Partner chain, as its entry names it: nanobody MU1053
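First comes one chain, alone, set out as structure tokens in the form deposited without the partner chain.
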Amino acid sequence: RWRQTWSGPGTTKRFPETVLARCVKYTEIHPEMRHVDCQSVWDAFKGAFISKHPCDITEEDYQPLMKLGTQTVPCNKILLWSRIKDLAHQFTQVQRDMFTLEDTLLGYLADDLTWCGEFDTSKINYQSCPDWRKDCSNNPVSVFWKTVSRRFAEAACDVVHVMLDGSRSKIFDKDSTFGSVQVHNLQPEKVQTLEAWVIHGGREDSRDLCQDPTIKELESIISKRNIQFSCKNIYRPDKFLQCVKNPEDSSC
């Protein structure tokens, strides 16, 4: 076919088998989830979007899945990020200093996948799925990430960290999930401080990106929520990871 229904990529090939297998793997490794029934998880996940119009998805659709995937993460060790997922993952994998959504069953199941169905058939659409921008915002993937991302921010306490991509024209982007959902769902009763680590992408010696107008904007928003804001430059992320791995290194 030379023209698809929607503008976005279709469902990831073998989506059902992949989600099920990820659930088996995650629950084998993480003892706190060792009792989860992975068939039930898949059934709830499918139930969120199968036979539903893929521009008419709501947070309620995912509630059965959210309930089954209920999981505590150490509230004071949460790492959020925007446009720099790979460094976040590389850092937490060293010694589990912090936790991202992929450390949770639900984030692990969905990471890097795309999915959608069709109104009034029970088929998965492997050909195309709605684009957030061109087609609709209330699509299966966008709604999933909005819901689980809000819930993760709500779980945080004490000091919460965020890695930001300092090579972007908007280092803090109010339109990102971090900026539009997570910033507004940190609970001021519980969260003392948001600390941003601004990750440099460029040459070597460079600017203090903690003075960037978008970072001043983030500071202003967070501060007006009665949460303290702190920011640090990470000038050389390669050195940073080396120091996390081997902190006795003289150059650290």
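Numbering follows the first chain given and starts at 1.
Although it is not shown, the form deposited with the partner chain bound is what the next lines describe.
Using a 4.5 angstroms limit between non-hydrogen atoms, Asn76 touches the partner chain in the entry with it bound. Shown alone here, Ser230 lies within 4.5 Å of the partner chain in the entry with it bound, counting heavy atoms only.
Proximity of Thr121 to the partner chain in the entry with it bound falls outside the 4.5 Å heavy atom cutoff. Interface membership of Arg168, defined by any non-hydrogen atom within 4.5 Å of the partner chain in the entry with it bound, is ruled out. Residue-level contacts in the entry with it bound: of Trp115, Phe172, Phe91, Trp81, one residue has a heavy atom within 4.5 Å of the partner chain, and it is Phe91.
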